[PDB]
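Encoded as structure tokens, the structure appears first; notes follow it.
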RNA sequence: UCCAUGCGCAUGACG
RNA sequence: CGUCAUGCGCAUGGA
Ligand SMILES: [Zn+2]
């Protein structure tokens with residue numbers, strides 16, 4: 001169970017040597033890691049000491065994979081193993097699998113929450129001193145406010161207390177192992193910047209060395225066939241809409257101060273909405289919202305079939321008319337805006353069918369490779385989800401070769417779409433592995449255990465060096481067809497990825513060949529520095545929220561600056577959600593639902609929240625994101641997008657008020 | 001297995 | 001500091 005190249009890199013770790021390890025894809029780093037584990041435990045048998053190993057990840061899926069495939073098949077006999085998650089409904093808490101279970105595979109924030117329970121007295125606590133070893137995958141996330149940097153800051157604080165005792169007079173601490181791919185470089189154009197980054201990493205891990213492979217590079221090169229770095233790089237309907245935009249700009253005096261079809265315009269639009277919410281005036285924030293929609297339509301039209309933007313806006317104003325009618329079941333402003341749209345709606349639909357594109361060059365390259373390969377595996381990357389659905393439906397519209405494809409996105413329920421499911425992600429992955437799905441359409445979710453592939457493209461994308469190497473890792477089978485499709489500095493960015501991959505080795509070779517004294521000095525300095533940083537950060541955070549006012553305010557709608565609620569009439573449930581009972585409120589809102597939690601809408605048509613069902617009660621839960629404040633102390637209005645921004649506190653709900 | 005919500009994190013681009 | 005897009009983890013309540 002030992003490889004030659006793995007041997008030396010394991011070698012220091014076996015006796016002290018809290019280290020880092022970095023190797024490419026496919027080197028079976030899990031296997032050498034397992035060897036370190038088994039050897040550590042056998043040493044603890046020889047010493048009859050507390051052999052405890054905990055494995056940390058960033059994602060649940062790797063936990064499950066390693067529990068299935070790596071750790072059990074080599075330690076299912078000797079030792080206790082268990083693979084943990086946040087979702088695996090565990091019958092006991094964490095401190096019991098600490099009291100048992102020599103081997104743990106788990107997500108980090110599980111542990112971190114347990115540590116907080118320790119230092120809070122919450123549920124029975126747990127500390128690092130309960131361990132003899134820690135093992136990590138993907139160290140390169142180990143930066144400021146990362147998932148698990150907090151653990152290391154605790155570890156470092158305890159190390160420095162140990163130093164203070166040592167000079168003073170020293171409790172033990174666990175050995176720490178770190179693994180990764182290329183450890184990434186962060187915000188660099190300089191070798192010195194990158195060296196500082198790496199040293200900061202190692203001090204955040206309290207490492208001794210990286211211990212990359214140099215000796216047996218040929219035997220490993222024989223394993224890894226590498227891909228080939230390649231470049232395959234390649235209206236009036238739009239202008240009608242730009243004319244509508246200018247018309248509306250004139251309609252409410254809107255100075256863009258920049259071009260159409262970018263973020264800066266969107267940024268200014270949202271800032272206008274903010275100012276108009278500070279004002280409570282219409283024609284200004286409403287236009288910000290509409291123009292935001294139009295800019296969406298623009299910067300998809302730069303890349304997408306115009307029919308999709310027409311569908312976007314058709315559904316948009318459809319929902320708008322639904323809102324206004326459900327409320328009425330109108331103003332010159334909304335009337336103008338609606339009629340300005342609908343007077344062109346059907347004609348613009350007619351324009352939508354016309355041809356005249358990146359899409360064309362794209363289809364050409366696609367058909368070229370699927371004719372070449374003839375078993376063919378294909379991946380598509382891009383920025384957004386709606387892009388994926390649109391291209392899937394579009395290629396389903398386009399005939400043909402007969403290649404079959406499917407979309408893919410993440411899981412965050414944000415910003416446009418009902419997200420996918422982990423089960424369904426695994427499902428589509430198995431469909432692709434089967435050959436049922438020939439071509440995948442994905443966001444960065446792919447950059448996973450996807451099958452060996454050929455033609456990972458970049459259709460209007462930018463990625464960083466870690467993402468570049470992670471995209472490299474999956475393209476295999478002695479055929480790489482890296483492709484890139486953007487319009488108008490994107491070669492620059494793959495060039496940057498190459499440059500950074502060079503800089504990383506240039507830095508690694510300098511730091512490996514460094515004094516141990518000066519290395520330890522700089523890492524200790526960075527540790528103290530980061531610890532001071534975290535301390536000051538916690539200081540400012542505690543100083544942040546101190547008000548806890550029961551009621552000081554009035555909540556108003558944002559389209560209409562109409563009163564909606566008071567500071568005291570609100571109540572809290574789940575210590576998460578907010579509600580306004582006292583049906584003096586209930587005389588206000590209107591309900592809507594189409595397709596079980598119905599949504600709320602205003603007396604103007606403003607959407608407000610959801611009717612959340614809790615303990616039989618159908619409580620109207622609202623979102624601060626769609627409301628505005630008027631403080632008693634301060635007249636100027638404010639807007640937060642989140643309750644937590646507001647320091648002042650509201651009470652937990654008491655059902656004793658609502659009986660009969 | 002699905003749904004809704006809250007919170008935190010990172011990344012890229014943008015100012 | 002803010003915005004956007006993307007991805008991730010955790011905690012909830014319900015079915
Ligand atoms: Zn209103």
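If you go along the chain as it appears here, the first residue is 1 and each next one adds 1.
Positions of Cβ are set from backbone N, Cα and C atoms, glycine also.
Feature annotations, courtesy of Swiss-Prot:
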type: BINDING; residues: A:557, A:560, A:602, A:604; note: Zn(2+) binding site
type: MOD_RES; residues: A:480; note: phosphoserine
Euclidean Cα distance (Å) for gap endpoints residue A:170 and residue A:169, 2 residues missing: 8
Across 5 unmodelled residues, the distance in Å between the CA atoms of residue A:234 and residue A:235: 19
Beyond the site residues A:557, A:560, A:602, A:604: chain residues whose C-beta lies within 8 Å of the centroid, for Zn(2+): A:558, A:559, A:562, A:603, A:605, A:606
Distance in angstrom, CA of residue A:447 to CA of residue A:448, with 2 unmodelled residues intervening: 6
What's the CA-CA gap between residue A:557 (Zn(2+) binding site) and the residue listed as 'phosphoserine' in angstrom, rounded? 55
Between residue A:602 (Zn(2+) binding site) and the residue listed as 'phosphoserine', what C-alpha distance do you get in Å? 55
How many Å separate the Cα of residue A:329 from the Cα of residue A:330, given that the 7 residues between them are not modelled? 12
With the fewest other Cβ atoms within 10 Å, the residue among the binding-site residues A:557, A:560, A:602, A:604 is A:560
Unmodelled stretch of 3 residues flanked by residue A:400 and residue A:401; CA-CA distance (Å, integer) comes out at 5
Modelling gap (3 residues), residue A:356/residue A:357 Cα distance, angstrom: 7
Cα of residue A:480 (phosphoserine) to Cα of residue A:560 (Zn(2+) binding site), in Å and rounded, measures 57
Filter the recorded positions A:480, A:560, A:602, A:604 down to those with CB closer than 6 A to an atom of ligand 1; keep them in sequence order. A:560, A:602, A:604
